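Protein sequence lines, in the order shown, are assigned to chains B and A. Heads up: the first sequence is residues 5 to 298, going by PDB author numbering. Heads up: the second sequence is residues 6 to 298, going by PDB author numbering. Ideal Cβ positions, reconstructed from N, Cα and C, are used throughout, including at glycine.
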Amino acid sequence: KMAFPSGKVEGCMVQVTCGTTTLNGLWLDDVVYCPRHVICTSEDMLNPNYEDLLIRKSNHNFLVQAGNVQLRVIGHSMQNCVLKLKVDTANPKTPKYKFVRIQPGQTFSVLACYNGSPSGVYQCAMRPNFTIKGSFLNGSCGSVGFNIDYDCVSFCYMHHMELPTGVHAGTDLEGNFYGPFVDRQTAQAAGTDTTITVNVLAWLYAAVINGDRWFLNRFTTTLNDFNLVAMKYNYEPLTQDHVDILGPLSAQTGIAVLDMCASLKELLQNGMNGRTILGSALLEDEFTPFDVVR
Amino acid sequence: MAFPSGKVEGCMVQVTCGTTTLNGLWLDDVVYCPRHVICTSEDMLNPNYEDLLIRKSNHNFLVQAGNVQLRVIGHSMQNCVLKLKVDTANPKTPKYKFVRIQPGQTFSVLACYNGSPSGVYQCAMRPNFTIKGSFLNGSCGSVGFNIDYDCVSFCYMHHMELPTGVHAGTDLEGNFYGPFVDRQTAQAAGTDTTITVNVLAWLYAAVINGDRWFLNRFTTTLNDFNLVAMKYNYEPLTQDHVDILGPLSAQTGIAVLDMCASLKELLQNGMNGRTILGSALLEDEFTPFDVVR
Ligand SMILES: *C(=O)[C@H](C[C@@H]1CCNC1=O)NC(=O)[C@H](CC(C)C)NC(=O)OC[C@@H]1C[C@H]1c1cccc(F)c1
Ligand SMILES: *C(=O)[C@H](C[C@@H]1CCNC1=O)NC(=O)[C@H](CC(C)C)NC(=O)OC[C@@H]1C[C@H]1c1cccc(F)c1
């Protein structure tokens with residue numbers, strides 16, 4: 005697992021405090037983005053009226069700091085589950101950036117932060133049930149997930165909560181949660197998780213590129229036939245987008261995506277028969293087709 | 006999980022000599038890079054580096070930091086690292102130190118190509134003084150490091166891939182880790198061993214994640230455990246290793262030698278299918294300090 009260099013995101017991290025509640029914010033040009041539950045108390049986390057907590061609030065109740073230096077808040081609004089604080093200084097370290105909503109299966113780096121300070125960077129996969137298996141502790145909220153393409157940081161994740169089971173949930177940078185979660189301090193269950201088929205196929209491609217190709221067969225399949233069988237093994241069905249992002253690996257190896265699906269269908273039905281693929285009896289599902297190139 | 010890489014990204018530059026390009030580290034007014042940049046092909050196999058270095062002019066070295074060229078006003082060599090004095094001081098130079106790490110210790114690697122950061126990841130110095138990185142052509146000069154408060158401890162610079170696919174390099178004084186040499190030859194490492202204290206830290210970790218199917222009631226002396234460990238090419242466990250595991254022992258209520266008893270069972274049986282924190286294999290590149298923080 006290889007994360008993206010974090011320096012461009014580090015230069016954007018700040019801290020936002022309401023009362024005693026401190027979490028992290030993302031400072032881009034003259035706007036600071038953070039999770040709205042920074043405005044909550046204990047007495048109101050069990051179920052908050054965010055619209056009502058927000059009316060009581062004024063610009064001068066928001067403490068925003070880069071380091072120990074205060075940024076003056078000159079405006080505030082709420083977009084879904086994210087708070088947007090307008091500040092009086094444009095971040096001179098603002099990279100080229102966009103806000104993207106990723107699909108389940110896709111990977112991203114997360115810059116874990118506490119009190120506006122980075123502690124670590126690591127590589128996460130958005131599971132099909134819209135959770136990530138991270139290392140977030142208290143005060144990690146507002147940490148973000150991202151990919152870097154050339155000069156451009158694509159922000160895709162902001163952290164909000166840990167689930168009873170120990171995995172994590174959050175939103176895009178527009179405040180829309182990934183999955184069926186809500187930012188209330190209630191017990192919330194992630195739907196049952198499935199294996200990320202497109203990434204397994206990416207991994208088989210990687211194994212072929214490295215000369216490990218015992219598992220290829222002379223058969224092929226339809227996308228519908230493969231999908232129905234894979235769901236019987238708790239694999240995700242494939243979309244048309246999945247097929248398309250396997251194109252470069254299909255072209256590199258000369259093995260059509262549906263031929264690879266047929267090889268996977270056989271692995272699913274018969275098993276490995278005590279063999280390995282890239283030195284592993286387990287099919288890895290957290291390397292995307294873009295990750296394999298790198 | 007790796008250290009944030011921003012402080013190091015701001016030091017990475019591109020160094021070129023001839024048709025060879027790799028990365029350099031630019032601290033204050035000196036750029037450090039692997040000396041084999043001053044090579045060719047007729048040289049690859051048995052290079053007399055002092056000899057090739059004396060034939061070199063300051064102006065043969067092209068240093069680019071972003072869109073900017075840096076003027077080399079001086080060059081010297083410290084073991085396998087070339088030190089290029091340049092006419093400008095990097096203003097992004099962080100607080101730093103140069104350190105040589107011990108096998109079993111971990112560090113972050115910022116992989117760079119043509120002076121540009123491309124990825125970051127966490128590695129351990131294997132006991133045979135290799136590292137299991139993903140380095141491709143042109144990644145030479147990439148560095149490994151740790152961060153303590155505001156200070157970057159640099160510990161590795163990347164020089165070569167071995168034919169098995171693992172990697173070899175030097176500290177920032179240019180001394181290789183391991184018996185490797187910066188000549189273009191197929192080199193083998195000594196037989197690698199598994200970092201025992203790290204496997205134990207990682208088992209304590211899975212426990213903290215409420216994963217404990219591997220535990221047991223059996224127990225073991227420290228010597229009897231080491232006898233089994235050595236049998237399976239695991240590093241011996243020292244009493245310092247035991248002391249270091251204390252915090253994780255306290256936090257889980259599992260004595261160090263109880264976890265050793267658990268590890269002994271796993272080595273002799275196997276996992277018999279089951280898995281620990283996702284892995285079918287015992288993971289040995291998380292240290293105790295790591296798993297804490
Ligand atoms: C950031 O503020 C923080 C990050 C959490 C803390 C621990 N690990 C993590 O990711 N997020 C919260 O505290 C969040 C605030 C809500 C308003 C969304 N709540 C949360 O994450 O709760 C975590 C424990 C598992 C929750 C739970 C279990 C059972 C019953 C509950 F009501 C809640
Ligand atoms: C950086 O310049 C580069 C990094 C390597 C390239 C491929 N992956 C990687 O990490 N370092 C070298 O190319 C290095 C230069 C020497 C002069 C030290 N040589 C190298 O990495 O060789 C790799 C293969 C195992 C070498 C080999 C096999 C057979 C015969 C040989 F003579 C050498």
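What I want to know is whether the C-beta of A:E55 ends up closer than 6 angstroms to one or more non-hydrogen atoms of ligand 2.
no
Neighbour flag for A:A210 against chain B, beta carbons, 7 angstroms:
no
Is it buried or exposed, A:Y154, if we count other Cβ atoms within 10 angstroms and call 16 or more buried?
exposed
Say the cut is 6 angstroms; is the CB of A:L27 nearer than that to a heavy atom of ligand 2?
yes
So is A:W218 buried or exposed if we call it buried at 16+ other beta carbons inside 10 Å?
exposed
If I'm right that B:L167 touches B:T135 with Cβ under 8 angstroms, what's the distance once you round it to whole angstroms?
7 angstroms
Nearest-angstrom beta carbon gap, A:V18 and A:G120 [assumed within contact, 8 angstroms]:
5 angstroms
Can you tell me whether residue 307 of chain B is buried or exposed, with buried defined as 16 or more other CB within 10 angstroms of its CB?
Residue coverage of chain B in this structure runs from 5 to 298, which leaves residue 307 of chain B outside it and unanswerable.
Interface flag, B:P108 vs chain A, CB-CB below 7 angstroms:
no
Against chain A, does B:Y126 count as a neighbour if the rule is that its beta carbon must be under 7 angstroms from one of theirs?
yes
C-alpha distance - B:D229 paired with A:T169, whole-angstrom precision:
40 angstroms
For A:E178 and chain B, any beta-carbon pair shorter than 7 angstroms?
no
Against chain B, which members of the stretch 201-227 of chain A pass a CB distance test of less than 9 angstroms?
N214, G215
Quick one: list the residues of chain B neighbouring A:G15, beta-carbon separation under 8 angstroms, in chain order.
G11
Rounded C-beta distance between A:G146 and A:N28? I'm assuming under 8 angstroms.
3 angstroms
Which of the three DSSP states is assigned to A:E55 in this structure?
helix
Between the alpha carbons of A:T26 and A:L57, how many angstroms are there, rounded?
17 angstroms
CB of A:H246 within 7 angstroms of CB of A:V202, strictly:
yes
Could you tell me whether the stretch 69-89 of chain A touches the stretch 101-110 of chain A, using the rule of 3 or more Cβ pairs below 8 angstroms?
no
Between the stretch 160-171 of chain A and chain B, which residues of the former have CB atoms less than 8 angstroms from a CB of the latter, in chain order?
none
By the 7 angstroms beta-carbon criterion, what residues does the stretch 129-142 of chain A contribute toward chain B?
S139
How close, in whole Å, do the beta carbons of B:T280 and B:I213 come, if the pair is a contact with beta carbons under 8 angstroms?
Not a contact, Cβ separation roughly 16 angstroms.
Can you pull out the residues from the stretch 264-296 of chain B whose beta carbon lies closer than 8 angstroms to at least one beta carbon of chain A?
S284, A285, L286
Which residues, in chain order, does the stretch 84-111 of chain A contribute to contact with chain B at a C-beta distance below 7 angstroms?
none
Measure how close the beta-carbons of B:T224 and B:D263 come, nearest whole angstrom, since I'm counting them as under 8 angstroms.
5 angstroms
Taking DSSP's pairing of strands, which residues face B:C128 in a bridge?
B:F112
So which residues of chain B does A:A70 contact, with C-beta pairs closer than 7 angstroms?
Those do not exist, as A:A70 stays about 14 angstroms from chain B at its closest Cβ, beyond 7 angstroms.
Who are the Cβ neighbours of B:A206 in its own chain at under 8 angstroms, not counting the five residues just before and after it?
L250, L253, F291, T292, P293, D295, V296
Which residue comes first and which comes last in the beta strand (DSSP E) that contains B:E178?
Element bounds for B:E178: n/a, residue is neither H nor E.
Given this structure, state the Cα-to-Cα distance separating B:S62 from B:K236, to the nearest angstrom.
54 angstroms
Give every residue of the same chain whose Cβ lies closer than 8 angstroms to the Cβ of A:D216, excluding the five residues on either side of it in the sequence, and list them in chain order.
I281, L282
Please classify B:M165: is it buried, with 16 or more other beta-carbons within 10 angstroms of its beta-carbon, or exposed?
buried
Shorter than 6 angstroms, the distance from the beta carbon of A:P168 to the closest heavy atom of ligand 2, or not?
yes
In this structure, how does DSSP classify B:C38 when only helix, strand and coil are distinguished?
strand
Out of curiosity, what's the CA-to-CA distance linking B:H64 and B:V20?
12 angstroms
Contact criterion: CB-CB distance below 7 angstroms. Does B:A7 meet it with respect to chain A?
yes
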